[PDB]
Amino acid sequence: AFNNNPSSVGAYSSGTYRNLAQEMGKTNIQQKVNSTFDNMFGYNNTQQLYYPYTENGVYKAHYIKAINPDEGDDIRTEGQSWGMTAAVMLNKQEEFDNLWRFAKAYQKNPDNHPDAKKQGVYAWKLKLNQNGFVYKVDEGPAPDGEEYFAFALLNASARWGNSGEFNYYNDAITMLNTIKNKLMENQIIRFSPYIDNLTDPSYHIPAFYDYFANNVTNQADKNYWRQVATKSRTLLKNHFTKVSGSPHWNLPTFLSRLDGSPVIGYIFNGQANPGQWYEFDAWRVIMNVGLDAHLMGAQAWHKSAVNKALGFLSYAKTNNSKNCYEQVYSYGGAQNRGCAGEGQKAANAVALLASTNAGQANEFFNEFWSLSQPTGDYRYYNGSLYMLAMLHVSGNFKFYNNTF
Ligand SMILES: O[C@@H]1[C@@H](O)[C@H](O)OC[C@H]1O
């Protein structure tokens, strides 16, 4: 049965990981997780997201392909880092190494870039040119990519050691220093190096920062990352307070100020959507809250955040002519951007690790578990989240500490 009373003590401290799918009475759980990875990482052109990159017939590395029917396929740091994360959780070293080799070679901006703000950060959008060779479309970062890269690299060090192709640990510490030096304002993750007083709630994964703190080897840095963790929980708590009730109706938003206030409308040239939309990034917020509750312990704010967000989505579904909740809301109003897809349902299933409502759990969990693995033209974002959620709901998303 669903555990509707999640522990205040996290799995990171106790070593006890929940298996949500098992709580929900499912069977063949590990087989389903394993086939999800195999199909995402297999050469089937169906669920597949993991593709080789070759130059003049010489194999180089692999990438997570951000398939995109509207704008042309591209390659993103988020997807790359998520794929590495999935690989390390399932002990898939070759896949991990192939993805990391690509990131370090082709996504990383040089340390001597003329713009100091870009030095060592990872260009968020690459493409293959008309001759098949990789190039950077946009050198600016998507900072949760660097967050996941650091996380994944620290875990790779812990599981596999540092005497193979990569010194994962050194690569991870380099990544953490890049985050600190290039991607932080006042210990809050930036949306952009070029804009102050701006964060993206979906980038806040407080438990990652606690894991970073336990995996650095100097006291100042340990304290730094613990403080980032506390400030991240504060930001999320504040954001959830600010989106409660009217006018945001309990869904977190794309962009926020450092006090948690949603950003209203457009604020910069190039911005893809209004700041106050619950959109694709925002989907991940309650997933991250579930993650944090599971790994570091459920507090009242985690439970309220998820219970109210899921409650809104259920209500919104009852007020939808398609009998679905949608992908994009603004001020509690549907924006007609489609019924929830697999990735949104996956994010919401992970959020259940902070839920106290068994009825909600039954519904959101079963809506995820009944899905087939994403295929087709929208599978990048749906399929990447589906993979992560499969790990989270099967007890496979674990923190592996390094030993000093
Ligand atoms: O995310 C959606 C996806 O699940 C679907 O398959 O295609 C339409 C998208 O908007």
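A few points about unusual backbone geometry
Move 1: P247 follows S246 through a cis peptide bond whose omega is 0°.
Move 2: Positionally, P247 belongs in the loop between α9 (219-243) and β8 (277-278).
Move 3: Even without being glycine, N56 reaches a positive phi, approximately 55°.
Move 4: Positionally, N56 belongs in the loop between β1 (50-55) and β2 (58-66).
Move 5: On the basis of relative accessible area, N56 is assigned to the exposed category, the value being 71%.
Move 6: One non-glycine residue, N250, lies in positive phi territory at about 80°.
Move 7: Structurally, the position occupied by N250 is in the loop between α9 and β8.

Re the site of the ligand
Move 1: Taken together, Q327, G341, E342, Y378 and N382 are the residues near the ligand.
Move 2: Between the ligand and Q327 there is a distance of 2.6 Å, counted from an oxygen atom to a side-chain nitrogen or oxygen.
Move 3: At a separation of 2.9 Å, an oxygen atom of the ligand approaches a polar side-chain atom of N382.
Move 4: Surface burial for the ligand is 61%, taken as the share of its 280 Å² of free accessible area covered by protein chains.

A look at the sheet that holds strand β10 (residues 333-334)
Either a parallel or an antiparallel arrangement is found when strands of a sheet pair, and the pairing is made through backbone hydrogen bonds.
Move 1: What the 3 strands build is an open sheet, ordered β8-β9-β10; its pairing is antiparallel. Of all the strands in the sheet, just β8 and β10 have a single pairing partner and so form its edges.
Move 2: Alignment of strand β9 (residues 329-330) against β10, held across 2 bridges, turns out to be antiparallel. Pairing of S330 across the sheet is with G333, part of β10.

Quick word on the nonpolar core
Move 1: Counting residues in hydrophobic clusters, the biggest one holds 123 residues, and the most contacted among them are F96, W100, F212, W225, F368 and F399.
Move 2: Here the element with the most residues in this core is helix α10 (residues 280-296); it accounts for 10 residues.
Move 3: In terms of nonpolar packing, the next biggest core, distinct from the first, is built from 10 residues, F102, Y106, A123 and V134 among them.

With respect to the packing of helix α7 (residues 168-182) against α9
Move 1: Close contact between α7 and α9 brings their axes to 13 Å; oriented N to C, the two are set at 60°. Between α7 and α9, the angle falls in the class oblique. Along this stretch, α7 crosses α9, giving a crossing that reads as left-handed. Of α9, the residues touching α7 (which contributes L176, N177, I179 and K180) are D221, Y224 and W225.
Move 2: Partitioned by chemical class, the residues of the contact of α7 with α9 number 4 nonpolar, 1 polar and 2 charged.

Calculation criteria
Sequence order as written determines residue numbers, which begin from 1 on each chain and need not coincide with the entry numbering; residues that lack coordinates are not included. Note that the side-chain values use all heavy atoms of the structure and ignore hydrogens as well as water. Residues with missing side-chain atoms are left out of burial classes, side-chain pairs and their counts. Counting from the N terminus, the helices are DSSP H or I runs at least four residues long and the strands are E runs at least two residues long. Think of it in three bands: with a 1.4 Å probe and only protein chains considered, a residue is buried below 20% of the maximum accessible area for its type, exposed above 50%, and partly exposed in between. Working definition: residue near molecule or strand if any one of its non-hydrogen atoms lies within 4 Å of it. Two N or O atoms count as a polar contact when they lie within 3.5 Å, although within protein this holds only if one can serve as hydrogen donor and the other as acceptor, and sequence-adjacent residues are included solely when both atoms are side-chain atoms. Each accessible area value is a Shrake-Rupley result obtained with a 1.4 Å probe; residue values ignore everything except the protein chains displayed when judging cover. Following DSSP output, two strands are said to pair if at least two bridges run between them. The set of buried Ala, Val, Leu, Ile, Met, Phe, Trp, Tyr and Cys residues whose side-chain atoms join them within 4.5 Å is what this entry labels a nonpolar core. Helix axes are fitted to C-alpha atoms over the stretch in contact, other axes to C-alpha atoms as well, and angles between N-to-C directions run from 0 to 180 degrees. To sort the angles, those under 35 degrees are grouped as roughly parallel, those over 145 as roughly antiparallel, those from 65 to 115 as roughly perpendicular, and the leftovers as oblique. Crossing chirality is assigned from the near helix's rotation relative to the far helix, an anticlockwise turn below a right angle marking it left-handed and a clockwise turn marking it right-handed. Contacts are assigned to residue pairs that have any heavy atoms within 4.5 Å of one another. Think of it as three bins: nonpolar holds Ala, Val, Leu, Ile, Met, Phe, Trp, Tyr, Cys and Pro, charged holds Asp, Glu, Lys and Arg, and polar takes everything else, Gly as well.

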